[PDB]
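> Structure for the following, please:
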Amino acid sequence: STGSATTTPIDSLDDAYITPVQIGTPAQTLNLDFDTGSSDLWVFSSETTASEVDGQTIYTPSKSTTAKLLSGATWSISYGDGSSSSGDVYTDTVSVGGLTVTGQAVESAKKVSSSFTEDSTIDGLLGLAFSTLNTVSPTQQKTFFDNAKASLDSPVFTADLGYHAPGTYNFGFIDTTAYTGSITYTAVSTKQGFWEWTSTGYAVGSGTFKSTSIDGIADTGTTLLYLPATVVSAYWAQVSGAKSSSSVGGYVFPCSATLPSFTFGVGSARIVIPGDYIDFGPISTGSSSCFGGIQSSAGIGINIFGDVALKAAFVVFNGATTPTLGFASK
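Numbers count the residues shown, from 1 in each chain. Have a look at this structure:
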């Protein structure tokens, strides 16, 4: 089997991407944030505290003939950005782009933090990291990908995120028309439960490539590119007037600037992030200070190849017995 679904930015900045997901019988379609940095599939639901729902579409398990309460199971998750959610668990039929999993754990939110409430466009998350990170207790549950894997034509999914445009998540096949050149594969460590890999270095604009190992995670659920302070300083030093602002919470730059590209290494291959991808617009409405898309990972504890980086590539998440990651230009 295979699946193919379009993923769409939630706003003009590509702050996140939503992908329609069919849950239950008859289908209830919710728009979920596919997150290769976490491993829970959770949804706004009929159980979510009323005051914490503001415009989201909810899953109502009582209206699904295939829903079953997973007795005694609870979940609770905290994300890198400080947001969180928790609740109980159903199993139900879940389909993405024509690919169907029966008996998928669907984690129903009883509580969500303010940032989830305040984002009316995201109806929940669909985790695509390794199932070892799944938070369901007392019996850990499998991700949608883990459940689908055996049935897939090939044990892979791909992320093809658009810049200010829709893109695609495919399951079970590699669309050879979706990228240019060849796909360069690189080793993955699953020791922390992430799609963790080591970039071979970077360049800023038309500058020379610096060969240096940068360990980090491929994380579709993180907006920006978070890298070591040395790398980030080298980038922003090429933008007149750019500076790190503790009050704003990172590097800002004059909105009048033309940003240089940023290149990262994948083995001997190179992925180029155009400068425009690094512009996250005014810090507040009407400001001439703009927020940067490359930020320091210092104090996160991990480097994160988030959407800014991933949307510059066609990315293969290869879930074979020994997982690997592939990157192609597009």
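> Only the buried residues of the biggest helix by length in the chain, if you could.
Secondary structure of the chain read by DSSP state H shows that its longest helix is helix 229-236. Buried residues in helix 229-236, counted by 16 or more other C-beta atoms under 10 Å: 231-232, 234-236. Where C-beta positions appear, they are placed from N, C-alpha and C, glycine not excepted.
> From the residues you listed, pick the one nearest residue 83.
residue 232 (23.3 Å; C-beta to C-beta).
> Just give the nearest non-adjacent residue to the residue most central in space within the chain, would you?
In the chain, the C-alpha nearest the mean C-alpha coordinate belongs to residue 220, at 1.8 Å (C-alpha atoms, centre = their mean). Using C-beta to C-beta, 6 or more residues apart in numbering and skipping the chain neighbours, the partner closest in space to residue 220 is residue 36 (4.5 Å).
> Around the one you found, how many other residues sit close by?
With neighbours defined by other C-beta atoms under 10 Å, the count for residue 36 comes to 28.
> dump the residue contacts of it.
Applying C-beta atoms under 8 Å, 6 or more residues apart in numbering, we find residue 36 in contact with 128-129, 159, 194-195, 217-221, 317.
> cool, residue 72 as well?
residue 138.
> next one: residue 260
Residue 260 neighbours (C-beta under 8 Å, 6+ apart): 204-206, 235, 238-239, 275.
> Look up the closest residue to it, ignoring the ones flanking it.
residue 205 (3.3 Å).
> how many other residues sit next to the one you found?
Neighbour count of residue 205, defined by other C-beta under 10 Å: 13.
> Likewise for the one 3 residues further on?
As a burial measure, residue 208 scores 7 neighbours (other C-beta under 10 Å).
> what's the answer for residue 74, then?
Close neighbours of residue 74, defined as other C-beta under 10 Å, add up to 15.
> now do residue 158
Residue neighbour count, defined by other C-beta under 10 Å, stands at 23 for residue 158.
> Please apply the same query to residue 173.
When neighbours are counted by other C-beta under 10 Å, residue 173 comes out with 16.
> and it, that's in a strand?
No - secondary structure of residue 173 (DSSP: H, G, I helix; E, B strand; the rest coil): coil, not part of a strand.
> How about the contacts made by the closest residue to it other than its chain neighbours?
The shortest distance from residue 173 to any residue other than its chain neighbours is 4.9 Å, reached at residue 2 (C-beta to C-beta, 6+ apart). Residue 2 makes contact with 98-99, 152-153, 170-173 under the criterion C-beta under 8 Å, 6+ apart.
> can you pick the most crowded of these?
When neighbours are counted by other C-beta under 10 Å, residue 171 leads those with 27 neighbours.
> roughly how far apart are it and residue 272?
27 Å (C-beta to C-beta, to the nearest Å).
> what's the answer for residue 117, then?
Residue 117 is 37 Å from residue 272, by C-beta to C-beta.
> Compare these two and say which is more crowded by neighbours.
residue 117 (18 against 14).
> Sitting in helices, which of the contacts of residue 260 do you find?
residue 235.
> Identify the farthest-apart pair in the contacts of residue 260.
Between any two of the contacts of residue 260 (C-beta to C-beta), the greatest distance is 14.1 Å, for 206 and 239.
> For these two, indicate the residue with more neighbours.
Remark: of residue 206 and residue 239, residue 239 carries more neighbours, 22 against 9, as counted by other C-beta under 10 Å.
> which residue packs closest to residue 290, ignoring adjacent ones?
Spatial nearest neighbour of residue 290, chain neighbours left out: residue 255 (4.2 Å); criterion: C-beta to C-beta, 6+ apart.
> Run a quick neighbour tally on the one you found.
14.
> ditto for residue 8
By other C-beta under 10 Å, neighbour count at residue 8 equals 17.
> and the gap between it and residue 321?
Taking C-beta to C-beta, one finds residue 8 at 33 Å from residue 321.
> what ranges do the strands span in the stretch 201-330 of the chain?
210-218, 225-227, 243-245, 250-254, 262-266, 269-273, 279-282, 289-292, 294-296, 303-305, 314-318, 324-328 (DSSP state E, counting those that start in this stretch).
> Check the contact between residue 22 and residue 28; I expect there is one.
Yes - between residue 22 and residue 28 there is a contact under C-beta atoms under 8 Å: 7.2 Å.
> Between the two, which has more neighbouring residues?
residue 28 (21 against 18).
> my guess is the more buried one meets residue 60, correct?
Yes - using C-beta under 8 Å, residue 28 makes contact with residue 60 at a distance of 6.9 Å.
> before we move on, back to that, put together JSON lines for the strands of the stretch 201-330 of the chain, with distance to residue 78 on each row.
Formatted as JSON lines, the strands of the stretch 201-330 of the chain follow (distance: least, C-beta to C-beta, whole Å):
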{"stretch": "strand 210-218", "distance to residue 78": "17"}
{"stretch": "strand 225-227", "distance to residue 78": "17"}
{"stretch": "strand 243-245", "distance to residue 78": "26"}
{"stretch": "strand 250-254", "distance to residue 78": "21"}
{"stretch": "strand 262-266", "distance to residue 78": "28"}
{"stretch": "strand 269-273", "distance to residue 78": "29"}
{"stretch": "strand 279-282", "distance to residue 78": "24"}
{"stretch": "strand 289-292", "distance to residue 78": "24"}
{"stretch": "strand 294-296", "distance to residue 78": "20"}
{"stretch": "strand 303-305", "distance to residue 78": "16"}
{"stretch": "strand 314-318", "distance to residue 78": "23"}
{"stretch": "strand 324-328", "distance to residue 78": "25"}
